[PDB]
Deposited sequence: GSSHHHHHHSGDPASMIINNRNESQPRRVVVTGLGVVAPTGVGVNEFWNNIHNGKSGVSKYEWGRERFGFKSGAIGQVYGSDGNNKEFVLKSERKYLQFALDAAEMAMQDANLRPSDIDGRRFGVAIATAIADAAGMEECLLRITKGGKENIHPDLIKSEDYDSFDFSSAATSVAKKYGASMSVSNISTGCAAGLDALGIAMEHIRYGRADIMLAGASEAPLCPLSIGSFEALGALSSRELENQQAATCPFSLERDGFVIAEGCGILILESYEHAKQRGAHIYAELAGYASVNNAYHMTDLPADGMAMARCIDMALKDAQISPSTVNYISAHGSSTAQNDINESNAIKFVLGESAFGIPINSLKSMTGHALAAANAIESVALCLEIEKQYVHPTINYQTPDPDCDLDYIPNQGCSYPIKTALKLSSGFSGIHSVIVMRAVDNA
């Protein structure tokens, strides 16, 4: 009765590239998508001078909704799905986000208060402003466009929301509620409120650098915070039987999913990484796959002091002495951190890696950290035969999320 879940379509809007073809070429060669920005330091007085931008006066550009519609269009065209193939009742959406249209909410708040100086003017509140506060704008808009009548959800579990959307999408297909499922995440956090929030927290990279692209350096001894980014990842998940009947192209099998809590801290991550290790273990039991077949890991790799040590020790706990051989990488070295969107974009990259039997490198690898002493594929990538792949994600409220992907 339980059914296998497979990825038939990919759509991505990332700083490394917009579209599957452009996105892959750049991450293959190890080209940074990180851009230097001026309005952070000059206007607001942030120590950060690097962002992951895809393309000072406040603008409600509706990027969160835009990136979701663009990625969904690319993913549905890549999957080769059309009204004839799609059964509305058995087709559902699951697009996750950490802050949704916070840019639109921030811009609305400052407009109605005239630059945040005065109290709120009721008359200046427009009819269009209410759409900004809608968290599931991306989920419902995509569901409307392609006629999805099955469960439409918006998981907002911070930076683990991306994999959690893929997780609930996998459950819908496996337990026989849906045949097709549009899953992923969209994020647009390059606004002063979002950047200032992390800046104030001290989670962003703040060290003085000649090259701002090097500011994101996962598993390096120099790392001091994550470079914030924007973008969207969309995966067309569907049943193995449903894909074979219509003769669809299969990227990879989404085998298992698991999620736990740290019960430690909201932002800080512990060194031992026991919680993340338990999440990897439960994901493998869920997929019914032995840890011995795992020969590649797409790590979260934010390039903070606490995250990279947490994941390294977590992989060391599960695999043990066999952990050293396994290639482990972070896409956030090129793309930066798109919060919930980063899980989906890395999940799109992971599907392309298994398909093309290639592993993208962790760029900007300077001085090797004595604590982080695993294979991180520094600077130059290579061809590698991936059997069973792991995908680690972490966010606020001590949330760990793992999905197990597999070659068909």
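Taking the first deposited residue as 1, the stretches without any C-alpha atom are 1-24, 80-87, 441-443.
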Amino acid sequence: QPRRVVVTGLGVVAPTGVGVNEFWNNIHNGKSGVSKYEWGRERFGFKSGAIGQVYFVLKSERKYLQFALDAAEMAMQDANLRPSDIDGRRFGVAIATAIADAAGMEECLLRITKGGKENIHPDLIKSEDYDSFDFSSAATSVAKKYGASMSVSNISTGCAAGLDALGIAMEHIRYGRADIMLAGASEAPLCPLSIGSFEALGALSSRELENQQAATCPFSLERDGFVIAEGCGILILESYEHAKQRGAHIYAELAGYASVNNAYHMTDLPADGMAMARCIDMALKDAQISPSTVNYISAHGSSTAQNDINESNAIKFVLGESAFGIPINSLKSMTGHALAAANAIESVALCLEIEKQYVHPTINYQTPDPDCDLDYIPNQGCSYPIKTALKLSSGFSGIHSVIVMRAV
From here on, numbers count along this sequence of modelled residues.
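Higher mean CA temperature factor between 338-346 and 45-53: 45-53, per the PDB entry. Once the C-alpha B-factors are averaged per stretch, 119-127 and 267-275 rank with 119-127 first. The entry assigns its greatest Cα B factor, within the set 214, 260, 328, 168, to 214. Highest CA B-factor among 319, 299, 152, 185, as stated in the entry: 319. In this PDB entry, residue 368 carries a Cα temperature factor that places it within the highest third of its chain's modelled residues. Sort the chain's modelled residues by C-alpha temperature factor and residue 94 lands in the lowest third, per the entry. Split the chain's modelled residues into thirds by C-alpha temperature factor. Residue 145 is in the middle one.
When the modelled residues of the chain are ordered by their C-alpha B factor, residue 58 lands in the highest third.
Split the chain's modelled residues into thirds by C-alpha temperature factor. Residue 35 is in the highest one.
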